[PDB]
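Okay, final-v3.pdb is below, PDB, C-alpha atoms:
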```pdb
MODEL        1
ATOM      1  CA  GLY Z   1     -83.984 -42.505   0.246  1.00  0.00           C
ATOM      2  CA  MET Z   2     -81.192 -42.970  -2.284  1.00  0.00           C
ATOM      3  CA  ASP Z   3     -78.937 -40.432  -0.478  1.00  0.00           C
ATOM      4  CA  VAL Z   4     -78.464 -43.112   2.207  1.00  0.00           C
ATOM      5  CA  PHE Z   5     -76.631 -45.133  -0.493  1.00  0.00           C
ATOM      6  CA  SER Z   6     -74.459 -42.357  -2.050  1.00  0.00           C
ATOM      7  CA  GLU Z   7     -71.201 -42.929  -0.189  1.00  0.00           C
ATOM      8  CA  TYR Z   8     -71.443 -46.697  -0.778  1.00  0.00           C
ATOM      9  CA  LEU Z   9     -72.085 -46.135  -4.486  1.00  0.00           C
ATOM     10  CA  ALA Z  10     -69.154 -43.687  -4.782  1.00  0.00           C
ATOM     11  CA  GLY Z  11     -66.803 -46.342  -3.357  1.00  0.00           C
ATOM     12  CA  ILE Z  12     -67.572 -48.677  -6.285  1.00  0.00           C
ATOM     13  CA  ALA Z  13     -64.584 -48.162  -8.596  1.00  0.00           C
ATOM     14  CA  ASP Z  14     -65.885 -49.739 -11.780  1.00  0.00           C
ATOM     15  CA  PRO Z  15     -68.270 -47.175 -13.324  1.00  0.00           C
ATOM     16  CA  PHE Z  16     -70.483 -49.778 -15.037  1.00  0.00           C
ATOM     17  CA  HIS Z  17     -70.681 -51.742 -11.777  1.00  0.00           C
ATOM     18  CA  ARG Z  18     -71.584 -48.530  -9.950  1.00  0.00           C
ATOM     19  CA  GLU Z  19     -74.204 -47.665 -12.588  1.00  0.00           C
ATOM     20  CA  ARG Z  20     -76.000 -51.022 -12.455  1.00  0.00           C
ATOM     21  CA  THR Z  21     -75.863 -51.177  -8.677  1.00  0.00           C
ATOM     22  CA  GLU Z  22     -77.366 -47.694  -8.528  1.00  0.00           C
ATOM     23  CA  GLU Z  23     -80.038 -48.732 -11.055  1.00  0.00           C
ATOM     24  CA  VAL Z  24     -81.081 -51.823  -9.062  1.00  0.00           C
ATOM     25  CA  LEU Z  25     -81.334 -49.922  -5.773  1.00  0.00           C
ATOM     26  CA  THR Z  26     -83.230 -47.011  -7.385  1.00  0.00           C
ATOM     27  CA  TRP Z  27     -85.609 -49.457  -9.077  1.00  0.00           C
ATOM     28  CA  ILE Z  28     -86.450 -51.027  -5.674  1.00  0.00           C
ATOM     29  CA  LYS Z  29     -86.791 -47.571  -4.052  1.00  0.00           C
ATOM     30  CA  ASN Z  30     -89.283 -46.480  -6.714  1.00  0.00           C
ATOM     31  CA  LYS Z  31     -91.261 -49.732  -7.012  1.00  0.00           C
ATOM     32  CA  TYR Z  32     -91.461 -50.310  -3.251  1.00  0.00           C
ATOM     33  CA  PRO Z  33     -91.475 -46.748  -1.895  1.00  0.00           C
ATOM     34  CA  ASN Z  34     -92.633 -47.842   1.593  1.00  0.00           C
ATOM     35  CA  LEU Z  35     -89.465 -49.893   2.114  1.00  0.00           C
ATOM     36  CA  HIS Z  36     -86.838 -48.174   4.268  1.00  0.00           C
ATOM     37  CA  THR Z  37     -83.288 -47.632   2.933  1.00  0.00           C
ATOM     38  CA  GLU Z  38     -80.459 -48.539   5.354  1.00  0.00           C
ATOM     39  CA  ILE Z  39     -76.715 -49.100   5.292  1.00  0.00           C
ATOM     40  CA  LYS Z  40     -75.929 -51.920   7.731  1.00  0.00           C
ATOM     41  CA  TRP Z  41     -72.535 -53.617   7.961  1.00  0.00           C
ATOM     42  CA  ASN Z  42     -71.569 -51.132   5.187  1.00  0.00           C
ATOM     43  CA  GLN Z  43     -73.981 -52.928   2.808  1.00  0.00           C
ATOM     44  CA  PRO Z  44     -77.142 -51.413   1.298  1.00  0.00           C
ATOM     45  CA  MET Z  45     -80.381 -53.030   2.437  1.00  0.00           C
ATOM     46  CA  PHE Z  46     -84.098 -52.443   2.487  1.00  0.00           C
ATOM     47  CA  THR Z  47     -86.193 -53.013   5.609  1.00  0.00           C
ATOM     48  CA  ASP Z  48     -89.942 -53.008   6.410  1.00  0.00           C
ATOM     49  CA  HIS Z  49     -91.185 -52.296   9.931  1.00  0.00           C
ATOM     50  CA  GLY Z  50     -87.586 -52.913  11.086  1.00  0.00           C
ATOM     51  CA  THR Z  51     -87.303 -56.377   9.488  1.00  0.00           C
ATOM     52  CA  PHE Z  52     -84.816 -57.318   6.785  1.00  0.00           C
ATOM     53  CA  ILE Z  53     -86.322 -57.500   3.251  1.00  0.00           C
ATOM     54  CA  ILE Z  54     -83.351 -57.616   0.833  1.00  0.00           C
ATOM     55  CA  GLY Z  55     -79.650 -56.651   0.884  1.00  0.00           C
ATOM     56  CA  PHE Z  56     -76.787 -56.283  -1.587  1.00  0.00           C
ATOM     57  CA  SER Z  57     -73.036 -56.354  -1.883  1.00  0.00           C
ATOM     58  CA  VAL Z  58     -70.610 -56.002  -4.744  1.00  0.00           C
ATOM     59  CA  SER Z  59     -67.622 -58.101  -5.741  1.00  0.00           C
ATOM     60  CA  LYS Z  60     -65.283 -57.931  -8.754  1.00  0.00           C
ATOM     61  CA  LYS Z  61     -67.395 -60.555 -10.587  1.00  0.00           C
ATOM     62  CA  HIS Z  62     -70.959 -60.028  -9.345  1.00  0.00           C
ATOM     63  CA  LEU Z  63     -73.671 -58.213  -7.458  1.00  0.00           C
ATOM     64  CA  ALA Z  64     -74.699 -60.461  -4.534  1.00  0.00           C
ATOM     65  CA  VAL Z  65     -78.390 -60.414  -3.539  1.00  0.00           C
ATOM     66  CA  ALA Z  66     -79.448 -61.735  -0.128  1.00  0.00           C
ATOM     67  CA  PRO Z  67     -83.160 -62.497   0.527  1.00  0.00           C
ATOM     68  CA  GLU Z  68     -82.695 -64.994   3.440  1.00  0.00           C
ATOM     69  CA  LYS Z  69     -82.512 -68.759   3.187  1.00  0.00           C
ATOM     70  CA  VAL Z  70     -86.207 -69.524   3.220  1.00  0.00           C
ATOM     71  CA  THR Z  71     -86.633 -67.121   0.265  1.00  0.00           C
ATOM     72  CA  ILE Z  72     -83.809 -68.681  -1.809  1.00  0.00           C
ATOM     73  CA  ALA Z  73     -85.638 -71.993  -1.254  1.00  0.00           C
ATOM     74  CA  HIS Z  74     -88.983 -70.428  -2.213  1.00  0.00           C
ATOM     75  CA  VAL Z  75     -87.693 -69.251  -5.617  1.00  0.00           C
ATOM     76  CA  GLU Z  76     -85.014 -71.921  -6.203  1.00  0.00           C
ATOM     77  CA  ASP Z  77     -86.363 -73.209  -9.500  1.00  0.00           C
ATOM     78  CA  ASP Z  78     -86.403 -69.610 -10.831  1.00  0.00           C
ATOM     79  CA  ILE Z  79     -82.760 -69.145  -9.758  1.00  0.00           C
ATOM     80  CA  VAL Z  80     -81.671 -72.349 -11.565  1.00  0.00           C
ATOM     81  CA  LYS Z  81     -83.477 -71.244 -14.742  1.00  0.00           C
ATOM     82  CA  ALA Z  82     -81.833 -67.835 -14.596  1.00  0.00           C
ATOM     83  CA  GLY Z  83     -78.514 -69.679 -14.258  1.00  0.00           C
ATOM     84  CA  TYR Z  84     -77.277 -67.720 -11.248  1.00  0.00           C
ATOM     85  CA  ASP Z  85     -74.767 -69.303  -8.890  1.00  0.00           C
ATOM     86  CA  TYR Z  86     -76.296 -69.320  -5.405  1.00  0.00           C
ATOM     87  CA  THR Z  87     -75.752 -70.472  -1.853  1.00  0.00           C
ATOM     88  CA  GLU Z  88     -78.131 -70.874   1.041  1.00  0.00           C
ATOM     89  CA  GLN Z  89     -78.048 -67.093   1.650  1.00  0.00           C
ATOM     90  CA  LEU Z  90     -77.589 -65.371  -1.673  1.00  0.00           C
ATOM     91  CA  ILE Z  91     -77.619 -65.209  -5.451  1.00  0.00           C
ATOM     92  CA  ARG Z  92     -74.731 -64.004  -7.591  1.00  0.00           C
ATOM     93  CA  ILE Z  93     -75.640 -61.820 -10.585  1.00  0.00           C
ATOM     94  CA  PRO Z  94     -72.598 -61.514 -12.845  1.00  0.00           C
ATOM     95  CA  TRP Z  95     -71.815 -58.035 -14.237  1.00  0.00           C
ATOM     96  CA  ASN Z  96     -71.507 -59.628 -17.706  1.00  0.00           C
ATOM     97  CA  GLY Z  97     -75.131 -60.920 -17.812  1.00  0.00           C
ATOM     98  CA  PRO Z  98     -78.537 -59.389 -17.040  1.00  0.00           C
ATOM     99  CA  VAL Z  99     -80.415 -58.600 -13.844  1.00  0.00           C
ATOM    100  CA  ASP Z 100     -83.509 -60.750 -13.548  1.00  0.00           C
ATOM    101  CA  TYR Z 101     -85.932 -58.116 -12.195  1.00  0.00           C
ATOM    102  CA  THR Z 102     -88.793 -60.603 -12.186  1.00  0.00           C
ATOM    103  CA  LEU Z 103     -86.822 -62.749  -9.750  1.00  0.00           C
ATOM    104  CA  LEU Z 104     -86.063 -59.746  -7.545  1.00  0.00           C
ATOM    105  CA  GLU Z 105     -89.788 -58.806  -7.493  1.00  0.00           C
ATOM    106  CA  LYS Z 106     -90.754 -62.290  -6.400  1.00  0.00           C
ATOM    107  CA  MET Z 107     -88.195 -62.295  -3.572  1.00  0.00           C
ATOM    108  CA  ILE Z 108     -89.061 -58.802  -2.320  1.00  0.00           C
ATOM    109  CA  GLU Z 109     -92.817 -59.366  -2.501  1.00  0.00           C
ATOM    110  CA  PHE Z 110     -92.544 -62.768  -0.830  1.00  0.00           C
ATOM    111  CA  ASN Z 111     -90.524 -61.254   2.029  1.00  0.00           C
ATOM    112  CA  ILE Z 112     -92.919 -58.299   2.506  1.00  0.00           C
ATOM    113  CA  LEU Z 113     -95.893 -60.657   2.901  1.00  0.00           C
ATOM    114  CA  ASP Z 114     -94.176 -63.531   4.690  1.00  0.00           C
ATOM    115  CA  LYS Z 115     -92.423 -61.232   7.207  1.00  0.00           C
ATOM    116  CA  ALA Z 116     -95.486 -59.049   7.954  1.00  0.00           C
ATOM    117  CA  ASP Z 117     -95.660 -60.390  11.526  1.00  0.00           C
ATOM    118  CA  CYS Z 118     -91.913 -60.932  11.941  1.00  0.00           C
ATOM    119  CA  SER Z 119     -90.771 -59.267  15.138  1.00  0.00           C
ATOM    120  CA  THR Z 120     -87.011 -59.621  14.618  1.00  0.00           C
ATOM    121  CA  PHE Z 121     -84.568 -58.321  11.981  1.00  0.00           C
ATOM    122  CA  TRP Z 122     -83.765 -61.762  10.581  1.00  0.00           C
ATOM    123  CA  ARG Z 123     -86.102 -64.729  10.381  1.00  0.00           C
ATOM    124  CA  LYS Z 124     -85.622 -66.760  13.561  1.00  0.00           C
TER     125      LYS Z 124
ENDMDL
END
```

Mind converting the file's structure to structure tokens?
Amino acid sequence: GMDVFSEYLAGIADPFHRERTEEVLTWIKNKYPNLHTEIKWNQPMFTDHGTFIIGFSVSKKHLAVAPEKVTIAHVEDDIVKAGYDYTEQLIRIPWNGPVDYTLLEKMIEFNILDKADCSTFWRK
């Protein structure tokens, strides 16, 4: 549960950054209650049957969201429309603009379905 994330959240200095980050994680916890909460590489992530679903990290300018490369590709048009800067591995959600929860839903739900038979942590 969310207690897994408490120490990580406390270490976020900026209180608004901490608040939003907590909100996003809690939203996923409550909407996808079968996902497992884990801290790995000192980053909060959600897993399903031991496979990676979605992970997060914080920087001074953004919350970074990592759904794996194939999933960035899957929702690329939606990322461009939202305006987020992205790489092959992640999207950058600036603290001074909104969280696109629709986009997060699509990524999480795609990964749950698409990785149902995935036997490794990361896609191979």

Residue contacts of residue 2 of chain Z (8 Å, all atoms listed in the file) excluding same-chain residues fewer than 2 positions away, as a PyMOL selection string: chain Z and resi 4-6+25-26+29+37

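Counting only C-alpha atoms, residue 17 of chain Z has the following residues at most 12 Å away, ignoring those fewer than 5 positions along the same chain: residues 9, 10, 11, 12, 22, 23, 24, 57, 58, 59, 60, 61, 62, 63, 93, 94, 95, 96 and 97 of chain Z.
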
Selection under test: the PyMOL selection byres ((chain Z and resi 47) around 10); residues as a ChimeraX atom specification: /Z:34-38,45-46,48-55,111-112,121

Residues within 9 Å of residue 107 of chain Z, only C-alpha atoms, excluding chain neighbours under 6 positions, as a ChimeraX atom specification: /Z:53-54,67,71-72,74-75

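Distance-wise, atom CA of residue 92 of chain Z and atom CA of residue 42 of chain Z end up 18.4 Å apart.
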
Point-to-point distance from atom CA of residue 66 of chain Z to atom CA of residue 44 of chain Z, Å rounded to tenths: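 Distance between the two atoms: 10.7 Å.
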
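Take the candidates Z:20, Z:106, Z:69, Z:31 and check each one against residue 88 of chain Z using all atoms listed in the file; the shortest distance goes to Z:69.
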
Counting all atoms listed in the file, the residue of Z:122, Z:90, Z:105, Z:64 that sits nearest residue 76 of chain Z: Z:90

Option closest in space to residue 30 of chain Z, from Z:1, Z:104, Z:99, Z:78 [counting all atoms listed in the file]: Z:1

Minimum-distance residue to residue 115 of chain Z, chosen among Z:68, Z:7, Z:73, Z:87 (using all atoms listed in the file): Z:68

Point-to-point distance from atom CA of residue 39 of chain Z to atom CA of residue 27 of chain Z, Å rounded to tenths: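 Separation of atom CA of residue 39 of chain Z and atom CA of residue 27 of chain Z: 16.9 Å.
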
Box time for segment 35-47 of chain Z: axis-aligned, enclosing all its listed atoms, 4 Å extra on each side; report centre and edge lengths in Å to one decimal, as lines of an AutoDock Vina configuration file.
```
center_x = -80.5
center_y = -50.6
center_z = 4.6
size_x = 25.9
size_y = 14.0
size_z = 14.7
```

Taking N, CA, C and O atoms as the atom set, what does segment 16-38 of chain Z look like once completed, written as a CSV table (one decimal), in the coordinates of the input?
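Done, and the output landed in part.csv:
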```csv
chain,number,residue,atom,x,y,z
Z,16,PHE,N,-69.3,-49.0,-14.6
Z,16,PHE,CA,-70.5,-49.8,-15.0
Z,16,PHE,C,-71.1,-50.5,-13.9
Z,16,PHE,O,-72.3,-50.6,-13.7
Z,17,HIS,N,-70.2,-51.1,-13.0
Z,17,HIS,CA,-70.7,-51.7,-11.8
Z,17,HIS,C,-71.5,-50.8,-10.9
Z,17,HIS,O,-72.5,-51.1,-10.4
Z,18,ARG,N,-70.9,-49.6,-10.7
Z,18,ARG,CA,-71.6,-48.5,-10.0
Z,18,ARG,C,-72.9,-48.2,-10.6
Z,18,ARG,O,-73.9,-48.1,-9.8
Z,19,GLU,N,-73.0,-48.0,-11.9
Z,19,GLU,CA,-74.2,-47.7,-12.6
Z,19,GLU,C,-75.3,-48.7,-12.4
Z,19,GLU,O,-76.5,-48.3,-12.1
Z,20,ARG,N,-75.0,-50.0,-12.6
Z,20,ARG,CA,-76.0,-51.0,-12.5
Z,20,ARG,C,-76.5,-51.1,-11.0
Z,20,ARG,O,-77.7,-51.3,-10.7
Z,21,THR,N,-75.5,-51.1,-10.1
Z,21,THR,CA,-75.9,-51.2,-8.7
Z,21,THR,C,-76.8,-50.0,-8.3
Z,21,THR,O,-77.8,-50.2,-7.7
Z,22,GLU,N,-76.5,-48.8,-8.8
Z,22,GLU,CA,-77.4,-47.7,-8.5
Z,22,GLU,C,-78.8,-47.9,-9.1
Z,22,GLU,O,-79.8,-47.7,-8.5
Z,23,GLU,N,-78.8,-48.5,-10.3
Z,23,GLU,CA,-80.0,-48.7,-11.1
Z,23,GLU,C,-80.9,-49.7,-10.3
Z,23,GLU,O,-82.1,-49.5,-10.1
Z,24,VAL,N,-80.3,-50.8,-9.8
Z,24,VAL,CA,-81.1,-51.8,-9.1
Z,24,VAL,C,-81.7,-51.2,-7.8
Z,24,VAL,O,-82.9,-51.4,-7.6
Z,25,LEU,N,-80.9,-50.5,-7.0
Z,25,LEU,CA,-81.3,-49.9,-5.8
Z,25,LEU,C,-82.4,-48.9,-6.0
Z,25,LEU,O,-83.4,-48.9,-5.3
Z,26,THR,N,-82.3,-48.1,-7.1
Z,26,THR,CA,-83.2,-47.0,-7.4
Z,26,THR,C,-84.5,-47.7,-7.8
Z,26,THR,O,-85.6,-47.2,-7.5
Z,27,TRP,N,-84.4,-48.7,-8.6
Z,27,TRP,CA,-85.6,-49.5,-9.1
Z,27,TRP,C,-86.4,-50.0,-7.9
Z,27,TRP,O,-87.7,-49.8,-7.9
Z,28,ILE,N,-85.8,-50.5,-6.9
Z,28,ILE,CA,-86.4,-51.0,-5.7
Z,28,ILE,C,-87.1,-49.9,-4.9
Z,28,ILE,O,-88.2,-50.0,-4.5
Z,29,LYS,N,-86.3,-48.8,-4.7
Z,29,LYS,CA,-86.8,-47.6,-4.1
Z,29,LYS,C,-88.1,-47.1,-4.7
Z,29,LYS,O,-89.0,-46.7,-4.0
Z,30,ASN,N,-88.1,-47.0,-6.0
Z,30,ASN,CA,-89.3,-46.5,-6.7
Z,30,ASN,C,-90.5,-47.4,-6.8
Z,30,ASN,O,-91.6,-46.9,-6.8
Z,31,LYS,N,-90.2,-48.7,-6.9
Z,31,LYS,CA,-91.3,-49.7,-7.0
Z,31,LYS,C,-91.8,-50.1,-5.6
Z,31,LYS,O,-93.0,-50.3,-5.5
Z,32,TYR,N,-91.0,-50.0,-4.6
Z,32,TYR,CA,-91.5,-50.3,-3.3
Z,32,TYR,C,-91.1,-49.1,-2.3
Z,32,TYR,O,-90.3,-49.2,-1.4
Z,33,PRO,N,-91.8,-48.0,-2.6
Z,33,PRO,CA,-91.5,-46.7,-1.9
Z,33,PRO,C,-91.7,-46.7,-0.4
Z,33,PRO,O,-91.2,-45.9,0.3
Z,34,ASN,N,-92.5,-47.7,0.1
Z,34,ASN,CA,-92.6,-47.8,1.6
Z,34,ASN,C,-91.5,-48.6,2.3
Z,34,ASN,O,-91.4,-48.5,3.5
Z,35,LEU,N,-90.6,-49.3,1.5
Z,35,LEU,CA,-89.5,-49.9,2.1
Z,35,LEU,C,-88.5,-48.8,2.6
Z,35,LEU,O,-88.4,-47.8,1.9
Z,36,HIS,N,-87.8,-49.1,3.7
Z,36,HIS,CA,-86.8,-48.2,4.3
Z,36,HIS,C,-85.4,-48.5,3.8
Z,36,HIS,O,-85.0,-49.6,3.8
Z,37,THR,N,-84.7,-47.5,3.3
Z,37,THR,CA,-83.3,-47.6,2.9
Z,37,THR,C,-82.4,-47.5,4.2
Z,37,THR,O,-82.5,-46.6,5.0
Z,38,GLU,N,-81.4,-48.5,4.3
Z,38,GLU,CA,-80.5,-48.5,5.4
Z,38,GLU,C,-79.1,-49.1,4.8
Z,38,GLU,O,-79.1,-49.9,3.9
```
